[PDB]
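Next up: a single chain in structure tokens, the form deposited in one PDB entry.
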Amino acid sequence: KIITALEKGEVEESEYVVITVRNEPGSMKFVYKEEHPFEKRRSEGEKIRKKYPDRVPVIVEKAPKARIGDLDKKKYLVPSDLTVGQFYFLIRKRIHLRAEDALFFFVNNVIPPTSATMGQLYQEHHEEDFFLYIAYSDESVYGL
């Protein structure tokens, strides 16, 4: 029910125990999950897991009420050892966002730790269709 990660601070570099709670409440629905039924998504995910074992399949979509640029393609294969912060910056560059513009990631309504690898995120939060679902917004709470 509770998972923990460890992350050094950027200013005071001792390690935080970053607590994450499973099954958090949120309001977001994914248009990928509405345009494709479960079994179709699962077949696609299984085949892409067989083709690319070194990478995890991630769906990235804009959050409700978020005023921020659109993302052209929403399906990504990310190397397991790429950290969540690196993929964060990749998505920042793909949305063509100024360095001072805010971007927040949500995995089951929880901002993931920047220290973690995409492999860890996938292992801990991939759905039954073998996809990892990330939402993004410009504010810390979407749907507002």
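Only residues modelled in both forms are compared. What we label the rigid core is the largest C-alpha set whose atoms superpose within 1.5 Å from one form to the other. Numbering starts at 1 and runs along the sequence shown.
Requested in this report: Look over 108-116 and 94-102 in the entry and identify the one with the greater average Cα temperature factor.
Outcome: 94-102 has the higher mean C-alpha B-factor.
Query raised in the report: Hey, which bit's got the bigger mean C-alpha B factor in the entry, 65-73 or 78-86?
Result: Taking the mean C-alpha B-factor of 65-73 and of 78-86, the larger value falls to 65-73.
Query raised in the report: Which third of the chain holds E10 when residues are ordered by C-alpha B factor: lowest, middle or highest?
Result: CA B-factor rank for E10: highest third.
Report task. Report the third (lowest, middle or highest) to which the CA temperature factor of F38 belongs, ranking only the modelled residues of the same chain. Result -> Answer is lowest: the recorded C-alpha B-factor places it there.
Query - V58, C-alpha B-factor rank within chain (lowest, middle or highest third) - result: Its C-alpha B-factor belongs to the lowest third of this chain's values.
In what follows, reference is made to the form solved in complex with a partner chain, a form of this protein that is not presented.
Query raised in the report: Looking at the partner-bound form in the entry with it bound, is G119 within 4.5 Å of the partner chain by any heavy atom?
Result: Looking in the entry with it bound, residue contacts with the partner chain do not include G119, since no heavy atom lies within 4.5 Å.
Requested in this report: Considering only heavy atoms, tell me if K29 and the partner chain come within 4.5 Å of each other in the entry with it bound.
Outcome: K29: no contact with the partner chain in the entry with it bound.
**Report entry** Touches the partner chain in the entry with it bound: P64 (any heavy atom, 4.5 Å)
**Finding:** Looking in the entry with it bound, residue contacts with the partner chain do not include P64, since no heavy atom lies within 4.5 Å.
Query raised in the report: Does any heavy atom of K33 come within 4.5 Å of a heavy atom of the partner chain in the entry with it bound?
Result: Heavy-atom contact with the partner chain at 4.5 Å: absent for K33.
Requested in this report: Could you point out the stretches of 3 or more consecutive residues whose C-alpha atoms all move by 2 Å or more between the shown form and the other one when the rigid core is superposed?
Outcome: Three-plus residue runs displaced between the shown form and the other one: 48-53, 96-100.
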